[PDB]
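Participant: Kindly generate the corresponding structure for this input.
(chains A, B and C)
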Amino acid sequence: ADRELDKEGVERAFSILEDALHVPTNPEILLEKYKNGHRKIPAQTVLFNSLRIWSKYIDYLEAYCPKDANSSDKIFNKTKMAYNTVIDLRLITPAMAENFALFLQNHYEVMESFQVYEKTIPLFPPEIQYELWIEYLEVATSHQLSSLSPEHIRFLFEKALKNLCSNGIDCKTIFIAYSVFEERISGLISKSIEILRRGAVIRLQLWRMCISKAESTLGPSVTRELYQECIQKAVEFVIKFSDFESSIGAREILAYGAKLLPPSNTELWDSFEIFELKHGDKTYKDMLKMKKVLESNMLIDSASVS
Amino acid sequence: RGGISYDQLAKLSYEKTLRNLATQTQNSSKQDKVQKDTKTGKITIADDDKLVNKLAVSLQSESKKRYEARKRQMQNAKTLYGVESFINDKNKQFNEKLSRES
Amino acid sequence: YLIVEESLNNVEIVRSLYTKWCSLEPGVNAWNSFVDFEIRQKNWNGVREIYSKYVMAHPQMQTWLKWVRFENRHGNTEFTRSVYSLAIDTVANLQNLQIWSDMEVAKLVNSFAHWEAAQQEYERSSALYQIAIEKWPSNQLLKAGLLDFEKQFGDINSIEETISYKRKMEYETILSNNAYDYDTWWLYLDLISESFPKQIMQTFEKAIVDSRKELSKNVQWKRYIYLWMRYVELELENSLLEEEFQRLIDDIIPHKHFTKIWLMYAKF
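Facilitator: Residues are numbered from 1 along each chain as shown, chains lettered A, B, ... in the order given. Please see the structure below:
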């Protein structure tokens, strides 16, 4: 192929490489009879299976198609059937599945590139679907030609988000993409229960903390519910987050310092928390010294237990 | 997990013998009736003398392999463990059984 | 008995043995080794006779879908849709016996449709979803498996038509479960105002303002108000404003007939 591409046209380079890729009647039987055949059956018959053959065939097509193809052209109809044949042969790698969906979005075939993500995710195992769902959900919300309804974009998240956390992946971004887009198209703070689910799946502390900042902008009635639910090493970090929420909107915070120190070992960071709560006031270094006195006595009790 | 039931293990050992029979036909390729009696109800089947020898030798050879694999497993079983005190082989054999129960 | 007669290459004795053994209805291990026997012997017409009997001995989709995995392995298109036509009629013919579950019939409808999508006939892929949902309105899995077919092979207005229904059922089942989640109301109404406009569109707005006391609640009524107002309006406005208003009635009398309805709603 490579010597003929320089000497002769790419149409000559296709035609010598078209003869490689005849998918005859049945690839399932020929693939199996080749694998079970002990070196007697030639690989001339099962030559279509080879990924290397398809990728450099396609890369000639995707290079030869013009920058404006718009589906009238023969070649854009030719590279799409050659791309779809790879998916039907099922020998498509996930970087190659992105190269076809990217291929359609440059040539304004955006609404058919959502079919491209749709066909392939089923075929792949998770830990790889997470990289396709980023590129699929981002085209749905960011690309300008995609006019999808806000109940259709919400379908694409909560079909993925439910499916993808079911097999078990951290899913930090998809939660945020379903969190960020909710203001740009809908514009209400339903964001919290959409993002609470990140904190309570069945990193996670870094999803819980940024949003409990966000409802202190909107309204304190839905902050204080999170401050309760935030606390129910990692446990100690959750207690610290609760103390910060109390400072934003003090006795509940000090008692929380007790609840957190009693949550777990070391507790000096909690001392920094109560000290922060004391420092926040613009009252008497009496309750503070009493607090350090109570903490020290608790430490002495822990030493007695040990 | 679990053990394998006697229906599945009969099937799996059936498939292993078919694969082994398939490779014997493959190797034989690379290296190159029913009459019922009138007098009685007895039935007669014409057979080649080969493939009866080949079945009998295969059944003997599989018995040899399983015998020597168990015999070598006997050798490992009485050479591995020596921690607990015992009296005979049957003691260590029974106290391996108690270790299997844990 | 089999692997000895296999070893002797007596192919007519294992065939006579298997015909007897599959007559006593033993289980799926026997039949699957009997369809694997004829693949060895290349008897393609004989193994097709077995699956005719194998679906009658074990009526279940993993025996029917095994027979379509046989036919799609060989690529014979005339034989595969004949099996597909026999599989979906027998579910319809034997509906009252109740031996295939809702998740079980969804595997047959989807594997019929995704095969017809690969056979480039999208109008047969599309129409069978309608007959299956009507033929079975009970199973949600066949309705939900209808949607994923449109996502892959359908044109965009058809997906949005079907998407609007699944969102309708899922918003309906949360609000029946969860009592006062006011943020799902403000989308469920806007689900029906956007894509469902009809008698239902007015009706839910009644059914919402039924559910409407919080600060979190009452602004939903404000939405239903203008939703009514954009399109009576005074009559429902007085009924809701009755929550309590002596200053309001004195404010009402001075600027109801004098100035508008928008002035009337300003009091509320």
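
Participant: Determine the longest helix present in the chain.
Facilitator: All of this is about chain A. Counting by DSSP state H, the longest helix found in chain A is helix A:285-305.

Participant: You answered for a different chain; I wanted chain B.
Facilitator: helix B:53-80.

Participant: hang on, the earlier thing: buried ones in the longest helix of chain A, by neighbour count?
Facilitator: A:288, A:291, A:295 (16 or more other CB atoms under 10 Å in any protein chain shown). Where you see a C-beta, it was placed from the backbone N, CA and C, and this is true even at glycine.

Participant: now do stretch A:138-157
Facilitator: Result for stretch A:138-157 [16+ other CB under 10 Å]: buried residues A:139-141, A:146, A:148-149, A:151-157.

Participant: show me which of these neighbour chain C.
Facilitator: Among these, the residues that sit close to chain C (CB under 8 Å from any CB of the partner chain) are A:149, A:151-152, A:154-155.

Participant: Can you find the residue of chain B that comes nearest to chain A?
Facilitator: Residue nearest to chain A within chain B: residue B:26 (5.6 Å; CB to the nearest CB).

Participant: Look up the closest residue to that residue, ignoring the ones flanking it.
Facilitator: The shortest distance from residue B:26 to any non-neighbouring residue, by CB to CB, 6 or more residues apart in numbering or on different chains, is to residue A:38 (5.6 Å).

Participant: Can you identify each of the helices in chain B by residue range?
Facilitator: B:6-30, B:53-80, B:89-101.

Participant: CSV for the ones you listed, including mean neighbour count?
Facilitator: Formatted as CSV, these follow (neighbours: other CB atoms under 10 Å in any protein chain shown):
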stretch, mean neighbour count
helix B:6-30, 13
helix B:53-80, 11
helix B:89-101, 11
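
Participant: I'd like to know which of the ones you listed is closest to residue C:192.
Facilitator: helix B:6-30 (54.2 Å; CB to CB).

Participant: just checking, what packs against the closest one?
Facilitator: helix C:2-7, helix C:28-41 (3 or more CB pairs under 8 Å, 6 or more residues apart in numbering or on different chains; DSSP states H and E).

Participant: Any chance of the ones you listed in a markdown table with distance to chain B and mean neighbour count as columns?
Facilitator: Putting these into a markdown table (distance: least, CB to the nearest CB, whole Å; neighbours: other CB atoms under 10 Å in any protein chain shown) gives the following:
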| stretch | distance to chain B | mean neighbour count |
| --- | --- | --- |
| helix C:2-7 | 4 | 18 |
| helix C:28-41 | 5 | 17 |
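
Participant: Output those helices as a markdown table; include the columns distance to chain A.
Facilitator: Below are those laid out as a markdown table (distance: least, CB to the nearest CB, whole Å):
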| stretch | distance to chain A |
| --- | --- |
| helix C:2-7 | 17 |
| helix C:28-41 | 10 |
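
Participant: I'd like to know how far residue A:210 sits from chain B.
Facilitator: Residue A:210 is 43 Å from chain B, where distance means CB to the nearest CB, to the nearest Å.

Participant: now do residue C:127
Facilitator: Distance from residue C:127 to chain B, by CB to the nearest CB: 41 Å.

Participant: Contact partners for that residue?
Facilitator: Contacts for residue C:127 were tallied using CB atoms under 8 Å, 6 or more residues apart in numbering or on different chains; there are none.

Participant: Using the three-state scheme, assign it.
Facilitator: Under DSSP: H, G, I helix; E, B strand; the rest coil, the three-state class of residue C:127 is helix.

Participant: any idea how far it lies from chain A?
Facilitator: Taken as CB to the nearest CB, the span from residue C:127 to chain A is 20 Å.

Participant: any idea how far that residue is from residue C:149?
Facilitator: 12 Å (CB to CB, to the nearest Å).

Participant: what helices or strands is the longest helix of chain A leaning on?
Facilitator: helix A:251-260, helix A:268-279.

Participant: What's the end-to-end length of stretch A:223-236?
Facilitator: 20 Å (CA to CA, to the nearest Å).

Participant: Can you name the residues of the stretch 151-300 of chain A that neighbour chain C?
Facilitator: Residues of the stretch 151-300 of chain A lying near chain C by CB under 8 Å from any CB: A:151-152, A:154-155, A:186, A:188-190, A:193.

Participant: what residues does chain B put near chain C?
Facilitator: With CB under 8 Å from any CB as the criterion, chain B meets chain C at residues B:7-8, B:10-11, B:14-15, B:17-18, B:21, B:34, B:45, B:47, B:51-52, B:54-55, B:58.

Participant: same thing but 6 Å
Facilitator: By CB under 6 Å from any CB of the partner chain, the part of chain B that sits against chain C consists of B:7, B:11, B:17, B:21, B:51, B:55.

Participant: picking up where we left off before, what angle do the longest helix of chain A and helix A:251-260 make?
Facilitator: 10 degrees (axes from the mean of the first three to the mean of the last three CA atoms, to 10 degrees).

Participant: quick check: angle from helix A:285-305 to helix A:268-279?
Facilitator: 170 degrees.

Participant: Quick one, which of the helices of chain B gets closest to residue C:245.
Facilitator: That would be, of the helices of chain B and by CB to CB, helix B:6-30, which comes in at 78.9 Å.

Participant: Tell me where the stretch 151-300 of chain A has strands.
Facilitator: Here the stretch 151-300 of chain A has no strands by DSSP state E, counting those that start in this stretch.

Participant: Quick one: the helices in it, in order.
Facilitator: A:172-185, A:191-199, A:204-212, A:214-218, A:223-230, A:234-248, A:251-260, A:268-279, A:285-305 (DSSP state H, counting those that start in this stretch).

Participant: would you list those helices in a markdown table and tack on distance to residue B:82?
Facilitator: Formatted as a markdown table, the helices of the stretch 151-300 of chain A follow (distance: least, CB to CB, whole Å):
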| stretch | distance to residue B:82 |
| --- | --- |
| helix A:172-185 | 54 |
| helix A:191-199 | 55 |
| helix A:204-212 | 50 |
| helix A:214-218 | 67 |
| helix A:223-230 | 57 |
| helix A:234-248 | 46 |
| helix A:251-260 | 53 |
| helix A:268-279 | 52 |
| helix A:285-305 | 44 |
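
Participant: nearest to residue C:139, of those?
Facilitator: Of those, nearest to residue C:139 by CB to CB is helix A:191-199, at 27.9 Å.
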